[PDB]
Engineer: 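The structure is given below, and queries will be raised subsequently.
Remember, it's 1-based here, ligands and their atoms both numbered in the order they're listed. Throughout, residue positions are numbered sequentially from 1 according to the sequence presented. Note that these values count all heavy atoms, side chains included, but never hydrogens, waters or copies made by symmetry.
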Amino acid sequence: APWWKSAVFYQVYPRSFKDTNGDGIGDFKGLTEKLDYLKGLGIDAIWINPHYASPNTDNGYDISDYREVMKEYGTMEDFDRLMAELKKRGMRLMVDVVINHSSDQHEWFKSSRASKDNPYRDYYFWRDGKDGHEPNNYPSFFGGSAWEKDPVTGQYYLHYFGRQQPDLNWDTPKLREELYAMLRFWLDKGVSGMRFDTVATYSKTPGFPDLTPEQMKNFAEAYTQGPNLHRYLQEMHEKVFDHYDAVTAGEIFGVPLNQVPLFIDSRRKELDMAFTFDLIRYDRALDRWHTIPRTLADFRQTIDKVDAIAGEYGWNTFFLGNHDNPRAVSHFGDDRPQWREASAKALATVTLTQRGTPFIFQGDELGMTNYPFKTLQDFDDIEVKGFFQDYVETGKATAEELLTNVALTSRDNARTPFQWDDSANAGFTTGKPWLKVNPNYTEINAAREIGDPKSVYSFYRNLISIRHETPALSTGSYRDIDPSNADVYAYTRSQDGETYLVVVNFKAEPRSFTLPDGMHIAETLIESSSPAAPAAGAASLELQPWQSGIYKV
Ligand SMILES: [Ca+2]
């Protein structure tokens with residue numbers, strides 16, 4: 001089995017990880033100086049968010065030069081040094097690949113917009129307006145229409161996201177070749193992995209017809225139904241990945257779960273791993289800034305479906321948080337002071353016992369929570385500016401209604417600076433951080449976590465050790481004991497005769513769990529919030545609030 005199936009990944013959002021020059025923005029030197037921390041945690045590989053030249057209208061995801069490093073993060077030498085220091089520790093690097101769109105400051109686009117006959121014109125999507133308005137009714141994720149009129153030619157260019165993020169035209173052969181040459185440029189450096197940002201929106205619908213009112217409510221799904229999508233992915237694998245030894249993972253956003261196997265089935269030669277969002281958005285409204293209450297039943301049934309989708313030839317990633325979602329403990333657990341540590345450990349047990357490649361987002365091993373936003377001005381996220389444009393200036397909602405709701409969902413919840421210690425600005429920076437540090441850093445910080453064997457960090461470290469020492473916990477089969485149960489999450493991991501039982505109580509009350517008839521406890525690997533391990537040969541468990549545990553049966 002390939003190294004990535006048993007690897008434990010850590011996601012670094014460099015902007016908010018570690019600053020080393022007091023500009024308030026994290027950088028490469030900051031990450032490099034903190035590799036010993038990540039290695040000590042047990043991390044095998046790191047996925048870093050976009051590190052290329054960018055005007056930062058979407059914090060790295062608007063790339064103006066694919067072959068240069070972002071000025072804020074450092075120089076190419078700093079990148080090479082990061083690579084070298086990762087290799088010295090036997091750690092691998094996964095970089096972010098953003099080729100659904102570029103920055104509008106990219107030289108391709110500057111030339112593209114000059115004229116219709118320009119050699120780079122078809123590097124992007126240019127269209128005439130319709131009936132005195134946009135070419136069609138396409139909305140943008142980041143506000144308003146997905147079409148922006150350029151007075152230079154008088155046509156509209158396409159942007160699923162920010163207006164300064166024009167979509168690249170995958171239908172143009174020379175554009176694809178330029179992207180393939182770009183990928184080689186990073187893979188030649190020894191990059192071990194590539195994460196493909198919104199990989200399913202590469203193919204655009206011919207003719208650009210209007211979206212039906214039904215498609216309007218869920219436009220993200222319509223943008224994933226291009227007819228040439230898998231053709232392009234298969235070609236990219238042929239021209240690039242077939243000649244290297246890097247692992248590929250796709251941010252498969254907007255895609256209906258039934259279409260996922262088309263992306264990750266190894267026989268299809270497209271992608272190796274999938275980032276699905278059925279689980280992480282299982283309690284999010286279609287407008288993306290409201291929360292809809294769910295139960296553990298929904299939680300586990302969603303997981304069960306995603307697992308079945310992987311089948312025998314596909315492979316899933318697993319994560320409870322990233323740079324685009326609220327904090328895991330706040331989202332899936334209970335971040336209240338008396339339950340924060342207990343539930344964070346429970347969620348840790350879940351994360352590192354799933355069938356797939358687990359990804360740990362920075363800060364979650366500390367039990368970092370959502371930020372207490374007080375005003376809309378506390379948000380940096382362009383997406384929130386888009387919500388204000390679409391819902392507040394239109395009179396659909398008040399500023400207070402946006403604030404109250406978006407606080408629970410905003411991407412900025414996960415973008416507050418990593419909390420290293422209790423010094424000024426949690427040891428993230430000596431200057432003023434680009435985004436405010438959570439005031440709870442005095443109680444939640446790496447320095448206190450590391451020195452405490454009962455901390456969230458220590459539990460994370462121990463779990464990573466256990467998963468590494470237990471093959472079944474990674475590539476073993478997955479089976480939910482009772483998908484209808486909304487109190488206690490329980491499942492088994494089995495491989496080569498060895499069967500392991502995971503039991504996680506999601507209630508803040510005592511609960512009792514009964515093993516399947518014929519199953520008995522043979523050994524207790526680890527437990528959180530447990531006063532006593534079960535006796536050898538037990539057929540049931542008495543669980544404390546938010547108690548998690550791994551058992552061999
Ligand atoms: Ca800096």
Engineer: Has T20 got an N, O or S atom lying less than 3.0 Å from the Ca ion (ligand 1)?
Structural biologist: no
Engineer: Hey, is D381 close enough to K385 for a salt bridge, meaning N to O under 4.0 Å?
Structural biologist: no
Engineer: What do you get for the angle at the Ca ion (ligand 1) between OD2 on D27 and OD1 on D23, to the nearest 10 degrees?
Structural biologist: 160°
Engineer: I'd like to know if the Ca ion (ligand 1) has an N/O/S atom from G24 within less than 3.0 Å of it, counting both backbone and side-chain atoms.
Structural biologist: no
Engineer: Looking only at N, O or S atoms, which one in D19 sits nearest to the Ca ion (ligand 1)?
Structural biologist: OD1
Engineer: Can we say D324 and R415 salt-bridge, meaning some charged N sits less than 4.0 Å from an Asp/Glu carboxylate O?
Structural biologist: yes
Engineer: Parallel under 30°, tilted from 30 to 60°, perpendicular over 60°: which one fits the rings of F379 and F373?
Structural biologist: parallel
Engineer: Salt bridge check: are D335 and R340 linked by an N-O gap of less than 4.0 Å?
Structural biologist: no
